[PDB]
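Accompanying notes for the structure given below.
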Amino acid sequence: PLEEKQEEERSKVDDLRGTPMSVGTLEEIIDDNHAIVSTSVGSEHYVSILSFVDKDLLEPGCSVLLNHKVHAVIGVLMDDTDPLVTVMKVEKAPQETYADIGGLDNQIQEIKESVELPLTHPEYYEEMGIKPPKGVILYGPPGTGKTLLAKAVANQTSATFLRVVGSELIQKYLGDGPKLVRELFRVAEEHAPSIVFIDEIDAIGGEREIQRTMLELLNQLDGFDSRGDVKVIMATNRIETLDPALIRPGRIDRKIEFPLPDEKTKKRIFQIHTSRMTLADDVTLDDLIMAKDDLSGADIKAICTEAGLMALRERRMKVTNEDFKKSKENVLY
Amino acid sequence: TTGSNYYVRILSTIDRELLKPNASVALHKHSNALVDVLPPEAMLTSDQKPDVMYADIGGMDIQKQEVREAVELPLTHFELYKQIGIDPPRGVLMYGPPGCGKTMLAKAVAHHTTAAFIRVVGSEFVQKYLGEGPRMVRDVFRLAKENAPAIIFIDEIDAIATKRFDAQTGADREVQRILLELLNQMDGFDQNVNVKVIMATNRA
Amino acid sequence: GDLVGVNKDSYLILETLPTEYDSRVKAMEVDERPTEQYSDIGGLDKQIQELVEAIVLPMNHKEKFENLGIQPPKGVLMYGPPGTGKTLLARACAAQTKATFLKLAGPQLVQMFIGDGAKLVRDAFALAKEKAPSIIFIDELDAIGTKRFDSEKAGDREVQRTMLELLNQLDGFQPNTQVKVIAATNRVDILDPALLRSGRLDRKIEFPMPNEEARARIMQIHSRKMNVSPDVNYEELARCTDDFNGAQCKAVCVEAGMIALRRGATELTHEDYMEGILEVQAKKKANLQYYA
Amino acid sequence: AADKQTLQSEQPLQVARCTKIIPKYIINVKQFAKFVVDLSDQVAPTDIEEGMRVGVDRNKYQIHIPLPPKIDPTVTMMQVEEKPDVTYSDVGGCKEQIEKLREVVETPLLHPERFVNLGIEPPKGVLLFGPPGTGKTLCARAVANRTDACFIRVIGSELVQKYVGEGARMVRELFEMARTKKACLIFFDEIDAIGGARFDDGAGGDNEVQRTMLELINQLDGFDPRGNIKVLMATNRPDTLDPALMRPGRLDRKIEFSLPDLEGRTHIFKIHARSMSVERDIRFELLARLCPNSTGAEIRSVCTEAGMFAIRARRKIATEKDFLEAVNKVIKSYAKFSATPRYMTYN
Amino acid sequence: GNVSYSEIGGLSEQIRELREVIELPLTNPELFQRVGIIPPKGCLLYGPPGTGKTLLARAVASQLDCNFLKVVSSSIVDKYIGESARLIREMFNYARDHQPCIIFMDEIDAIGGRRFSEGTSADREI
Amino acid sequence: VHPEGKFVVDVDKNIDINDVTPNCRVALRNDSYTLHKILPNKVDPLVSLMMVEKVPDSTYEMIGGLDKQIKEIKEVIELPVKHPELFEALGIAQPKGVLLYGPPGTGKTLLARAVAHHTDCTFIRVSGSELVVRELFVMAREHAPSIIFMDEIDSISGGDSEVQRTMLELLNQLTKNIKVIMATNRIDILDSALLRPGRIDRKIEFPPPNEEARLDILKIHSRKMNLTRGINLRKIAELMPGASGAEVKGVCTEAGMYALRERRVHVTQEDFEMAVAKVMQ
Ligand SMILES: Nc1ncnc2c1ncn2[C@@H]1O[C@H](COP(=O)(O)OP(=O)(O)O)[C@@H](O)[C@H]1O
Ligand SMILES: Nc1ncnc2c1ncn2[C@@H]1O[C@H](COP(=O)(O)OP(=O)(O)O)[C@@H](O)[C@H]1O
Ligand SMILES: Nc1ncnc2c1ncn2[C@@H]1O[C@H](COP(=O)(O)OP(=O)(O)O)[C@@H](O)[C@H]1O
Ligand SMILES: Nc1ncnc2c1ncn2[C@@H]1O[C@H](COP(=O)(O)OP(=O)(O)O)[C@@H](O)[C@H]1O
Ligand SMILES: Nc1ncnc2c1ncn2[C@@H]1O[C@H](COP(=O)(O)OP(=O)(O)O)[C@@H](O)[C@H]1O
Ligand SMILES: Nc1ncnc2c1ncn2[C@@H]1O[C@H](COP(=O)(O)OP(=O)(O)O)[C@@H](O)[C@H]1O
């Protein structure tokens, strides 16, 4: 009968904890028996504490709650009401695999160890001796692999997957900006382990707020310690633009890159998208390999999408490769 | 008026007739039970006070016939717009740099109104009491409504309406709801009785 | 407009209270001033004569001064290159003043609110009027020293109001003749002549580098507590090392003693000083067996 | 779990700001009417002064408890706590410019008998120059690893918050809680985030940053018995930091973490060869003379990278041609974009 | 300060001109609609510093009859919102009560414009 | 609660705490702070920035002579909403994002309005950031199906291409039937990052109106009011030459006012002629 002393709470204790309880943000904790609380008004209140409360969320001062008539620290602030509601802590994963990336294979192999292998087989390293490396940069030309594809596939066989972008990093109003990456590497740090994406950092459009912001992804990356803070994966189109302070092969570890396609991935990456389609009689490479004298990774995505759509305006799931030509002149000409 | 709205019960003797959604109505001390609706107590009608003629305005002819066209003519000839089809334009925005025809044309409009030309300078919409102002400017709008036909003239809006606000410390947490419900108040008068909101500002 | 109290339920004014303000102005109440006398300052003695003549001589001889019939001089602005003897002349002059004194900083006067920066300089001069006769030291005017300009989108007007209310309880209307001012700025080109109206801030006294003799004097000053050998020569310690602004010379002594105990001896020598220098700057640069 | 009987004798208490004493004194609740009140029964008249804050009850509005000052946003800075695990035996490749740093940071220790003995006051400031490859901070983690003191890390953009004058509020507040702890110190990481030496009065853009920095160098030396805050500051950038900051008094004994030479650089991979289960005979000094002007805090990318080659080639050991395969990979192929001659010009 | 035009030196044109424009409508107002125009209201004493500005109005302060409202324009503004507008409507309504009156607002760059776009709290309040 | 915004309270027996969902204001903690019942939902968040930015004006099919344009936008705005079945069997991945480039006027804020509401989808506009990114996505997700619209300012550095991509980054990997719409005056003025086929699955083109399309739009805006026994509107369209959508609503209202000036209740022929002969400025 271990559940006998639980019901004394709702007749001797919940009479104290269970009223129009108020919520005011906690302040500098004077030692055990008390605390000070600035309430919702702004009036400080030297409150007491509770004996039975299992106090673990004392940090001067997350929104603690109080009693109405008497003043105390009655409960705590589960239902945290998470700042950065929409940062994509992925629960429903997207639709990319090891197979549909299918092109650059060296690269997805290298990022596959550099993010995934301290998770899918972490018992290489301490048996071998080395530390696991930190996050990569993976720069490239535009459309050369969807830079944000070999990180997306690094999503869907791991734990949590936190991202950022150059746009969430910079700020208008701010004057006070480098806060975003304070609590981005504080929320990022908290999951243990989560991967933070500095999606396309390229910082263009005074200047000194951008300077201090870059200095705080810099320092807030590697100041004094780190939790499981692999995933700092940076996609970039302009590697020669950003200040070479990020890479002290400490702040940014080992990093992997690629030529745009070759023709082998013009074929092999062309036949992934149109594998979903229904064209079969004259699937070609003469209109694909030397057609544009190198066509992006996307231009084939847009040639499949604009191809099937342009043969879908006239309502047929048929195989016409002359409509494909109207798709070519339609999308890039 | 003491800060918040909060729930009530209204007595049976008052009829459910005059309770418009901005009707100033009385409550009971220590109870807050509704008791009686009130006349629109709030701003001045400006009885015959400003005096420059529309004949010594000088030069201004096309602006004078546009403001003559879209303000006092749809208050007098309110139905000819309902005999052709084009609506009377609701507001009048006057942007003048650096200021030539602002406030003698809005001063010589005030003679031959035969209409409640209520003035308010757009700078006491902010008050030291928190959450005061929106109630103030909706008192201004209904004070033009029960005095129709009226011409609301609010100056230098960029005092109360700008492009750039501040989510933190509340110097402008209330002026983003001075503008907001005024912006909701003007949409509440598309039934077109007679209230015309002309407004001026040095720079737009 | 005074500060008069009242009952909390009956609301009738019982007694008066003398006028008040925050403790952020009442924090400027230094009592521990004299430990840096006029002997520790060295090599600047015409600036000591000029400043001390300009400040504490109207504190003890005004009437004789009034018998000449000329106005008491206003605030003194001290200025110099990076770090000479500004604040040491501040607490050296405030050391042996026998008055009251307030150590008002530059950036204490600029805060996030509109009211606070302005309210506290006027109440600072109100404190100085109430407790007068007192002199006021404003350290580092570069806080309120960025000046008026044709200001489009961003600008700044908060520091403008703090400064422009500072210089009008300074040389606005008449009642000035109670409280003297001392200023100290490491930069002067940042300042508009509003803060230089010949009267707002009298004698703009120059702080140079300490000259050829003065650094030997300062190396004798600071090294007064250390056990120095009789076989020492401060003059060659001066004439060898001539770019320093007097602050480094203080150091030269102190980490000269530090490496003197890094050797482990309880008594320092000349090459401790001489070898102590090759430490103030250093910046490496080896592989020089070729500088002949 | 049974504090019901004691809650009624607690008296929930409102903090108010005390001021002048006529006796009587004036409190200020910051939401109420700043009114006049005396002491209760037991608190000393010399225990309560101006400026500080005391707690007031709500029943008859009177003071019982004197209370500590407020530090609201800089609570997290503080002296970190615990501290990382690297130490003096880890950060290798310098051997003397530790000892310059060591004798300044380690005088609440043994050392004060030497300094009150032969009349020295120790230097307060330490400055740490280097290109962004050396253990500019790693030494900061070592002096945080053993300190016998506080450790207030405060990095260079917890100060740049965008109300004017407010960044100067956090700095003076930082030195307010710094003086309320004997034998304390502080660390300003990345101080070139407050630089831009002292600009014009035209399009003034740095000005707010300026005054934060300005009150910083008012606290580093002005009108105080100063306590003993052994400040030590580490940035990768010379004179963007103006004078009156580098000048001895607030940052003497600057340390130049230059790129290590042929002798020392062996030693730093000797730090990172404390792992990896390497081959029987391996030529370390070869691996010094193949990289030879890299940077101290990289050779760990040679370490980690060659271990990545060894795990890739399913070997339990590490040969020479994966070391030599690695120095081909992170010296030759990773010098195209990665630049430390750009900061070596800056020094 | 019983300062008079004797202490004002070498600007007799400016002080005779300011004196006539400021108190001469208050001496003989009938000569102006005689000519056929209302008298002017304001003068802006722009110049390099020193030069006798603040003082000039000291000499105007100790030689006139009406309540010379002499205010520094930066003791106007307060930390509460909508407070400075209360103070300035209180000032000008106080000028409506006692007439004729002179209102001296020196140094006015605190309230001085060239209105901005972006500081949004410390500037749009003014 | 309204004045000071927090507390945790109870709920009476006859309230059934199970349906009372967040952001649905109703309370009664009269004194002890305990609930009673429910009240008028009181318009959730977007209801706000729709009625507030009341900019979007209900439009349906009155588009003045655009049929290729509405064929192409209805080809990519209600087929990916109301018939996804032929897209998941045709091999197409997803069409999303349409760029409306044309002259100022003539198709903007009205084509993307009209085909948003034939479909009854929603029409969220993030044009401007005055009073409140990433939070808007939650609202759009809640609406389930949505349409996000943009702004076009160059003349009548990184203005709204930043947020544009900012929501194409979240939109690319993404609870699926949300379709961003960007209107710009020129295709060349915008970013090279948007120049990434296909980032903008659809680049619809708006020409300035020719003769007959301007007799169609001037036919509709002339169908706003009274005219007379006969107009034969062609002579007004006769000088249409570079016109604009607006340049038509303007002259029809000015023709109405030029009939109003003589206290006359029928808009004659010549009030058009002095309308369009007036506005050549
Ligand atoms: N296997 C592949 N090969 C080449 N490109 C691909 C492949 N899979 C996806 N992509 C394209 O990559 C794009 C997204 O990532 P990326 O090309 O890096 O864009 P960005 O470089 O602008 O971040 C998508 O438009 C997608 O069509
Ligand atoms: N078109 C005009 N004809 C005659 N007088 C004018 C005209 N424009 C301005 N004024 C005169 O010049 C002064 C400035 O007016 P203005 O700056 O336009 O007022 P506001 O700024 O309130 O619009 C007024 O007092 C007015 O008498
Ligand atoms: N002439 C001098 N006499 C004595 N000390 C000096 C002199 N010049 C510099 N110093 C030293 O410099 C320090 C004070 O520097 P200071 O001149 O106040 O810098 P700042 O002028 O920027 O405040 C003191 O430690 C002091 O010993
Ligand atoms: N002598 C050394 N011994 C060991 N590691 C070193 C040494 N010098 C540099 N490092 C490496 O450099 C890194 C320290 O980075 P840090 O110098 O703080 O960069 P930054 O100067 O940009 O902050 C650590 O990973 C450390 O191992
Ligand atoms: N013509 C003058 N005659 C005498 N004193 C003058 C003259 N012009 C300026 N001043 C000086 O200016 C001071 C008054 O301040 P002022 O010059 O008005 O500066 P501000 O314009 O900033 O108030 C007086 O104390 C006086 O010495
Ligand atoms: N083809 C058209 N049909 C109907 N109205 C049109 C047409 N072209 C332009 N307009 C007019 O333009 C206005 C809508 O503005 P809009 O076209 O969105 O601005 P923009 O031209 O900048 O996109 C409406 O008032 C409408 O009458």
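Just so we're on the same page: first chain in the structure tokens is A, next is B, and so on; residues restart at 1 for each chain, and ligands are numbered from 1 in the order they show up.
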TODO: Could you tell me, counting only C-alpha atoms and all ligand atoms, which protein and nucleic acid residues lie no more than 10 Å from ligand 6, written as a VMD selection string?
DONE: chain F and resid 55 to 57 59 to 67 100 to 113 151 to 153 156 183 to 185 206 208 to 209 213 to 214 216 to 221 243 to 250 252
Open item on the list: I need the strand (DSSP E) residues of segment 152-266 of chain A per DSSP on the backbone, written as a PyMOL selection string.
Closed with: chain A and resi 161-163+195-197+232-236
Quick one: residues within 8 Å of ligand 2, with only C-alpha atoms and all ligand atoms, as a short mmCIF file (atom, residue, chain, number, x, y, z; two decimals) with N, CA and C atoms, in the first residue's frame?
```
data_model
loop_
_atom_site.label_atom_id
_atom_site.label_comp_id
_atom_site.auth_asym_id
_atom_site.auth_seq_id
_atom_site.Cartn_x
_atom_site.Cartn_y
_atom_site.Cartn_z
N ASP B 56 -9.48 84.45 -48.89
CA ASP B 56 -8.12 84.92 -48.73
C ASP B 56 -7.12 83.79 -48.57
N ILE B 57 -7.48 82.58 -49.00
CA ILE B 57 -6.56 81.46 -48.90
C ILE B 57 -5.42 81.62 -49.90
N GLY B 58 -5.71 82.15 -51.08
CA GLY B 58 -4.67 82.55 -52.00
C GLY B 58 -4.16 81.40 -52.83
N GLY B 59 -4.28 81.48 -54.15
CA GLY B 59 -3.64 80.51 -55.01
C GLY B 59 -4.28 79.13 -55.08
N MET B 60 -4.48 78.49 -53.93
CA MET B 60 -4.95 77.11 -53.86
C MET B 60 -6.35 76.97 -54.43
N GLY B 96 1.75 67.64 -46.88
CA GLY B 96 2.29 68.89 -47.37
C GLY B 96 3.70 69.14 -46.92
N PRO B 98 6.89 71.94 -47.38
CA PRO B 98 7.01 71.80 -45.92
C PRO B 98 5.79 72.35 -45.18
N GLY B 99 4.76 72.70 -45.93
CA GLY B 99 3.52 73.23 -45.39
C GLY B 99 3.11 74.55 -45.98
N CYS B 100 2.17 74.48 -46.92
CA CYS B 100 1.63 75.68 -47.53
C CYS B 100 0.13 75.75 -47.28
N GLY B 101 -0.59 74.70 -47.63
CA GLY B 101 -2.03 74.78 -47.61
C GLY B 101 -2.69 73.87 -46.60
N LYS B 102 -1.96 73.49 -45.56
CA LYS B 102 -2.50 72.61 -44.53
C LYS B 102 -3.62 73.22 -43.72
N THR B 103 -3.26 74.22 -42.92
CA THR B 103 -4.08 74.61 -41.79
C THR B 103 -4.67 75.99 -41.94
N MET B 104 -4.77 76.51 -43.16
CA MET B 104 -5.77 77.53 -43.42
C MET B 104 -6.87 76.95 -44.30
N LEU B 105 -6.54 75.90 -45.06
CA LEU B 105 -7.58 75.21 -45.80
C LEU B 105 -8.38 74.31 -44.88
N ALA B 106 -7.72 73.72 -43.88
CA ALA B 106 -8.45 73.00 -42.85
C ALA B 106 -8.96 73.96 -41.78
N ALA B 200 -3.91 65.64 -41.55
CA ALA B 200 -2.79 66.30 -42.17
C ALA B 200 -1.51 65.91 -41.46
N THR B 201 -0.39 66.05 -42.16
CA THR B 201 0.92 65.75 -41.61
C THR B 201 1.97 66.34 -42.52
N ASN B 202 2.98 66.97 -41.94
CA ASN B 202 4.04 67.59 -42.72
C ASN B 202 4.69 66.62 -43.69
#
```
Task: Selection: 12 Å around residue 2 of chain B, only C-alpha atoms, excl. self and same-chain fewer than 4 positions, as a ChimeraX atom specification - done: /B:6,27,29,32,129-132,135 /F:2-3
Please dump the current selection as a PDB file, in the first residue's frame; keep C-alpha atoms.
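Okay, this is what ended up in again_30.pdb:
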```pdb
ATOM      1  CA  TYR B   6     -14.498  42.165 -17.228  1.00  0.00           C
ATOM      2  CA  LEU B  27     -21.264  50.207 -13.502  1.00  0.00           C
ATOM      3  CA  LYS B  29     -19.100  50.634  -7.280  1.00  0.00           C
ATOM      4  CA  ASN B  32     -19.542  46.178 -11.180  1.00  0.00           C
ATOM      5  CA  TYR B 129      -2.374  56.559 -17.494  1.00  0.00           C
ATOM      6  CA  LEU B 130      -1.746  53.181 -19.111  1.00  0.00           C
ATOM      7  CA  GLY B 131      -4.375  51.802 -21.475  1.00  0.00           C
ATOM      8  CA  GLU B 132      -6.199  55.127 -21.555  1.00  0.00           C
ATOM      9  CA  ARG B 135     -10.769  54.566 -25.146  1.00  0.00           C
TER      10      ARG B 135
ATOM     11  CA  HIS F   2      -6.400  41.286 -18.990  1.00  0.00           C
ATOM     12  CA  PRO F   3      -4.574  43.807 -16.760  1.00  0.00           C
TER      13      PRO F   3
END
```
- [ ] Compute the set of chain F residues within 8 Å of chain B, using only C-alpha atoms, and express it as a VMD selection string.
- [x] chain F and resid 2 to 3 28 51 to 52 130 to 131 224 to 226 253 256 to 257 260 263 265 to 267
Open item on the list: Can you work out which residues are within 6 Å of ligand 1, considering only C-alpha atoms and all ligand atoms, and then hand them over as a PyMOL selection string?
Closed with: chain A and resi 100-103+142-149+269+297-298+301
Please tabulate, as JSON lines, the residues of chain C that come within 6 Å of chain D, each with its closest pair of atoms and the distance in Å to one decimal, counting only C-alpha atoms and ordering rows by chain, then residue number upward.
```
{"residue": "C:23", "atom": "CA", "partner": "D:51", "partner_atom": "CA", "distance": 5.3}
{"residue": "C:82", "atom": "CA", "partner": "D:244", "partner_atom": "CA", "distance": 5.2}
{"residue": "C:107", "atom": "CA", "partner": "D:215", "partner_atom": "CA", "distance": 5.9}
{"residue": "C:110", "atom": "CA", "partner": "D:165", "partner_atom": "CA", "distance": 5.0}
{"residue": "C:111", "atom": "CA", "partner": "D:165", "partner_atom": "CA", "distance": 4.2}
{"residue": "C:112", "atom": "CA", "partner": "D:164", "partner_atom": "CA", "distance": 5.3}
{"residue": "C:143", "atom": "CA", "partner": "D:211", "partner_atom": "CA", "distance": 5.2}
{"residue": "C:146", "atom": "CA", "partner": "D:201", "partner_atom": "CA", "distance": 5.5}
{"residue": "C:147", "atom": "CA", "partner": "D:201", "partner_atom": "CA", "distance": 5.7}
{"residue": "C:226", "atom": "CA", "partner": "D:119", "partner_atom": "CA", "distance": 5.6}
{"residue": "C:248", "atom": "CA", "partner": "D:248", "partner_atom": "CA", "distance": 5.4}
```
Open item on the list: One number please: atom 27 (O, counted along the ligand's line) of ligand 3 to atom CA of residue 102 of chain D, in Å, one decimal.
Closed with: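 Distance between the two atoms: 24.4 Å.
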Residues of chain A within 12 Å of chain C, using only C-alpha atoms, as a PDB file with N, CA, C and O atoms, in the first residue's frame?
```
ATOM      1  N   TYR A 173      15.552  45.237 -35.871  1.00  0.00           N
ATOM      2  CA  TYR A 173      15.343  46.027 -34.665  1.00  0.00           C
ATOM      3  C   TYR A 173      16.574  45.975 -33.782  1.00  0.00           C
ATOM      4  O   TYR A 173      17.206  46.994 -33.523  1.00  0.00           O
ATOM      5  N   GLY A 175      19.859  45.945 -32.482  1.00  0.00           N
ATOM      6  CA  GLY A 175      20.769  46.888 -31.858  1.00  0.00           C
ATOM      7  C   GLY A 175      21.324  45.867 -30.896  1.00  0.00           C
ATOM      8  O   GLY A 175      22.490  45.842 -30.504  1.00  0.00           O
ATOM      9  N   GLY A 206      24.561  49.199 -38.352  1.00  0.00           N
ATOM     10  CA  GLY A 206      25.274  49.080 -39.611  1.00  0.00           C
ATOM     11  C   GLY A 206      25.884  47.711 -39.835  1.00  0.00           C
ATOM     12  O   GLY A 206      25.229  46.694 -39.641  1.00  0.00           O
TER      13      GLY A 206
END
```
Open item on the list: Please identify all residues of chain E having at least one atom at most 9 Å from any atom of chain B, considering only C-alpha atoms, and return them as an MDAnalysis selection string.
Closed with: chainID E and resid 80:83 85:86 117:122 124:125
TODO: Please identify all polymer residues within 9 Å of residue 257 of chain A, counting only C-alpha atoms, omitting same-chain residues fewer than 5 positions from it, and present them as a ChimeraX atom specification.
DONE: /A:107,137-140
Those same residues - N, CA and C atoms - I'd like them written as a JSON list (two decimals), in the first residue's frame.
```json
[["chain", "number", "residue", "atom", "x", "y", "z"],
["A", 107, "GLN", "N", 31.02, 12.57, -50.70],
["A", 107, "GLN", "CA", 30.63, 13.64, -49.79],
["A", 107, "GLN", "C", 29.62, 13.18, -48.75],
["A", 137, "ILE", "N", 31.77, 22.68, -42.56],
["A", 137, "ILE", "CA", 31.13, 23.50, -43.57],
["A", 137, "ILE", "C", 31.03, 22.60, -44.79],
["A", 138, "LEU", "N", 30.02, 22.81, -45.61],
["A", 138, "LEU", "CA", 29.94, 22.09, -46.86],
["A", 138, "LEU", "C", 29.51, 23.10, -47.91],
["A", 139, "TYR", "N", 30.49, 23.78, -48.50],
["A", 139, "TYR", "CA", 30.14, 24.83, -49.42],
["A", 139, "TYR", "C", 30.05, 24.24, -50.82],
["A", 140, "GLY", "N", 29.57, 25.03, -51.75],
["A", 140, "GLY", "CA", 29.47, 24.60, -53.11],
["A", 140, "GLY", "C", 28.94, 25.70, -54.01]]
```
Task: Shell of 10 Å around ligand 5 (only C-alpha atoms and all ligand atoms), written as an MDAnalysis selection string - done: (chainID C and resid 164 167:168 170:174 176 193:200) or (chainID E and resid 5:12 45:58 106:107)
Would you tabulate, counting only C-alpha atoms and all ligand atoms, all residues of chain C that have an atom at most 8 Å from an atom of ligand 3, showing the closest pair of atoms and their distance in Å to one decimal, sorted by chain then ascending number, as a tab-separated table?
```
residue	atom	partner	partner_atom_place_in_ligand_line	distance
C:40	CA	ligand 3	4 (C)	5.3
C:41	CA	ligand 3	3 (N)	3.5
C:42	CA	ligand 3	1 (N)	4.4
C:43	CA	ligand 3	1 (N)	5.5
C:44	CA	ligand 3	1 (N)	6.0
C:79	CA	ligand 3	21 (O)	7.9
C:80	CA	ligand 3	21 (O)	7.1
C:82	CA	ligand 3	22 (O)	6.1
C:83	CA	ligand 3	19 (O)	4.0
C:84	CA	ligand 3	17 (O)	3.5
C:85	CA	ligand 3	17 (O)	3.1
C:86	CA	ligand 3	21 (O)	3.5
C:87	CA	ligand 3	18 (O)	3.7
C:88	CA	ligand 3	18 (O)	4.7
C:89	CA	ligand 3	18 (O)	7.3
C:90	CA	ligand 3	18 (O)	7.9
C:139	CA	ligand 3	23 (O)	7.9
C:184	CA	ligand 3	21 (O)	7.3
C:185	CA	ligand 3	22 (O)	7.8
C:186	CA	ligand 3	22 (O)	6.4
C:210	CA	ligand 3	1 (N)	6.8
C:214	CA	ligand 3	1 (N)	7.3
C:215	CA	ligand 3	1 (N)	7.9
C:218	CA	ligand 3	3 (N)	5.7
C:221	CA	ligand 3	4 (C)	7.1
C:222	CA	ligand 3	27 (O)	6.7
C:245	CA	ligand 3	9 (C)	6.8
C:246	CA	ligand 3	8 (N)	4.1
C:247	CA	ligand 3	12 (O)	3.8
C:248	CA	ligand 3	12 (O)	7.4
C:249	CA	ligand 3	9 (C)	7.6
C:250	CA	ligand 3	27 (O)	5.4
```
